[PDB]
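Read the structure below first, then the notes.
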4 protein chains.
Amino acid sequence: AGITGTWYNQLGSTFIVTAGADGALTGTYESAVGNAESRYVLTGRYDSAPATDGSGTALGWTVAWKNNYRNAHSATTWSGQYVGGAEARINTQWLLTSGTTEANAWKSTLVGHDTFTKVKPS
Amino acid sequence: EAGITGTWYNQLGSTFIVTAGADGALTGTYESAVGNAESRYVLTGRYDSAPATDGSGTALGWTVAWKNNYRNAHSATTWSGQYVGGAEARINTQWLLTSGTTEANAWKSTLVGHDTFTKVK
Amino acid sequence: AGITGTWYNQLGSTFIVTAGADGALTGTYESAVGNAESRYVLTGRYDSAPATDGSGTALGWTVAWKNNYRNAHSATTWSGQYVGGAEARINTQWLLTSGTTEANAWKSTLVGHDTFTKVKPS
Amino acid sequence: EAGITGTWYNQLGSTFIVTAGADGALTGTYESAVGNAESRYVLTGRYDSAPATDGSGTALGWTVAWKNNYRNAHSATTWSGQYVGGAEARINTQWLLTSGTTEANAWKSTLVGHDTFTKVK
Ligand SMILES: O=C(O)CCCC[C@@H]1SC[C@@H]2NC(=O)N[C@@H]21
Ligand SMILES: O=C(O)CCCC[C@@H]1SC[C@@H]2NC(=O)N[C@@H]21
Ligand SMILES: O=C(O)CCCC[C@@H]1SC[C@@H]2NC(=O)N[C@@H]21
Ligand SMILES: O=C(O)CCCC[C@@H]1SC[C@@H]2NC(=O)N[C@@H]21
């Protein structure tokens, strides 16, 4: 139980993370789609003392899409909530910004939504 | 990365102090002028440490969870954007602010907006 | 088969729409949540000649949350795709802007995602 | 609604011509300075026809499907925002641009951004 673990989203991407006691998120991300191969570094933050009223735990993290294999000149941030219990979720919305010229900045940022569970796809 | 590293302010009057590491790390503190926030908060993020040199911006993002040793808003913001270098350096962003909610209220958990940061120099 | 019909999202809201031959969307929306009661007018647009390569049909619509019962001083736009076939979907992301003072404009706009099907909840 | 009704231009140089009806309707045409677009496109939307009078903006939104009698981009944009009246009238928006995609490519279907419109007067 908790944020720390291996998570998978609806695309089949793999999010491996450790939640530090005082709010750090640290791990790796492997995307099933896009200009990406293998694992990328991620860092983020989470609320390390959530409310005690049934609310989720706010969090977010970033991946810059550069590793030893590829550089897509882009970065994604995920913002969302962890929802605990017997079917633990992380429900997110994300912003993927590509480096562009200023004139093309209007088309620099994709938006979407990812839902993560600890269930490995089969 | 001397470009990104420094002190920045946005249109709301918020203060972003950041260091860009050789490995692509962003670390620093954020102080918001608005919202359920006081003092400085930890931020962490990532940037493209080997960006295109064809006139394109440098992609980056960072997160603040709105808990510090004074206050906890039970929320987190992520900024996604690009650094545009030169003498009038800017970081242009869009952001998502998610509050912890009950499941019934999750539909109203996330605000969206845009911040432009100017480097103090 | 088609966009015209009665749709329901994951919240249990009801979206009743007619797709005009040349791109109009016209109908009503009833939200299961929020500062809303009964039906509200909606209008929007869709691509009335979609690609023939398996792509979805782009569309969007707006509701201003004023009717004879309530006025929330807000408006939502949904932007997304219709995906036809034997389990027809409308997959959307939305922006809900409330009227605010300029100083509070930073907190004026909620974002989320709704998926619609023609299956009435039970 | 004389306030909203008129001709507006955004920071890209796009042209928004709109009429606000007594019933809350928005109707008009949009011409984009950028993207897979030429000439005018139909728009339709809605606004709050009885807004607060406490200093708040007037909520509104509209849609353009990027098909006209010259071109079809297989895409649609919605703008969600508020009208701020007075002598320096503005419509401040965020937008979502969804392109039709295959199901496999749906993750990359939607762009987000922000436009500010100034009324020509
Ligand atoms: O193509 C790129 O610029 C890099 C890869 C982006 C993959 C995106 S991030 C949001 C979405 N969720 C995923 O797991 N993968 C895609
Ligand atoms: O109210 C909260 O939940 C915490 C503070 C949020 C402040 C937001 S983050 C996006 C925007 N940019 C800022 O500098 N401040 C606001
Ligand atoms: O509370 C308001 O300001 C008016 C009602 C908003 C309801 C929102 S629109 C997006 C989401 N999808 C729905 O079916 N209902 C909520
Ligand atoms: O490229 C397309 O799919 C059609 C044209 C899109 C133009 C976009 S809509 C949001 C932004 N604001 C504008 O005035 N133009 C761009």
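Residue numbers start from 1 in every chain, and the chains themselves are labelled A, B, ... in the order their sequence lines are given, proteins ahead of strands. Every heavy atom of this structure was used, including side-chain atoms; hydrogens, water molecules and symmetry mates were not. Both counts, for ligands and for their atoms, begin at 1 and track the order of listing.
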> Looking at ligand 4, does any of its N/O atoms fall within less than 3.5 Å of an N/O of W79(D)?
Replying inline: no
> Given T77(A), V33(A), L95(A), which one has a non-hydrogen atom that is nearest to atom 16 (C) of ligand 1?
Replying inline: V33(A)
>> Keeping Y69(A) on the side-chain end and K66(A) on the backbone end, is there a donor-acceptor pair under 3.5 Å?
In response: no
> Which of the atoms in ligand 3, numbered in the order shown and given with their element, are less than 4.0 Å from a heavy-atom of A72(C)?
Replying inline: 3 (O)
>> Quiz question: by atom type and distance under 3.5 Å, do the side chains of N92(B) and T116(B) form a donor-acceptor pair?
In response: yes
> Quick one: nearest non-hydrogen protein atom to atom 10 (C) of ligand 1, plus distance?
Replying inline: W94(A) CE2, 3.3 Å
> Does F16(D) approach ligand 4 within less than 4.0 angstrom via side chain, backbone, both or neither, non-hydrogen atoms only?
Replying inline: neither
>> Below the 3.5 angstrom mark, is there an N/O of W65(C), backbone or side chain, next to an N/O of ligand 3?
In response: no
> By number and element, which atoms of ligand 1 are closer than 4.0 Å to a non-hydrogen atom of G34(A)?
Replying inline: 1 (O)
> What about the rings of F117(D) and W62(D), do their centers lie closer together than 6.0 Å?
Replying inline: yes
> Hey, does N9(A) come in under 3.5 Å of ligand 1, counting only N/O atoms on both sides?
Replying inline: yes
> Side chains of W66(D) and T77(D): is there a donor and an acceptor less than 3.5 Å apart?
Replying inline: yes
>> Is a donor from one side chain sitting under 3.5 angstrom from an acceptor on the other, for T77(A) and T78(B)?
In response: yes
> Is there side-chain contact between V111(C) and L111(B), with at least one heavy-atom pair below 4.5 Å?
Replying inline: no
> Run the side-chain contact (heavy atoms from CB on, under 4.5 Å) check on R46(B) and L60(B) step by step: do they pass?
Replying inline: CA-CA 6 Å; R46(B) 299 289 296 166; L60(B) 84 174; over 6 Å; no
> Looking at ligand 4, does any of its N/O atoms fall within less than 3.5 Å of an N/O of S99(D)?
Replying inline: no
> Can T102(D) and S55(C) be counted as having a side-chain donor-acceptor contact under 3.5 angstrom?
Replying inline: no
> What atoms of ligand 3 come closer than 4.0 angstrom to any heavy atom of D114(C)?
Replying inline: 11 (C), 12 (N), 13 (C), 14 (O)
>> Please list, in number order, the atoms of ligand 3 under 4.0 Å from a heavy atom of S74(C).
In response: 2 (C), 3 (O), 4 (C)
> Atoms of ligand 4 less than 4.0 Å from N36(D) heavy atoms?
Replying inline: 1 (O), 2 (C), 4 (C), 5 (C)
> Side chain or backbone of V63(A) under 4.0 Å from ligand 1, or both, or neither, by non-hydrogen atoms?
Replying inline: neither
>> Heavy-atom pairs closer than 4.0 Å: do any link ligand 4 to the side chain of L12(D), the backbone, both, or neither?
In response: side chain
>> Under the criterion side-chain contact (heavy atoms from CB on, under 4.5 Å), I'd like the reasoning laid out for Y29(C) against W7(C): C-alpha separation, chi angles, the key distance, then a yes or no.
In response: CA-CA 10 Å; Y29(C) 201 96; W7(C) 297 85; over 6 Å; no
> Who's the nearest protein heavy-atom neighbour of atom 7 (C) of ligand 4, and how far?
Replying inline: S32(D) OG, 3.4 Å
>> Between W79(B) and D115(B), do the side chains contain a donor N or O and an acceptor N or O under 3.5 Å apart?
In response: yes
> Is any N or O atom of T76(A), backbone or side chain, closer than 3.5 Å to an N or O atom of ligand 1?
Replying inline: no
> Just going by heavy-atom distances, which of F116(C), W107(B), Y29(C) is nearest to atom 13 (C) of ligand 3?
Replying inline: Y29(C)
> So do the side chains of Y47(D) and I4(D) get within less than 4.5 Å of each other, counting heavy atoms only?
Replying inline: yes
> By number and element, which atoms of ligand 1 are closer than 4.0 Å to a non-hydrogen atom of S13(A)?
Replying inline: 13 (C), 14 (O)
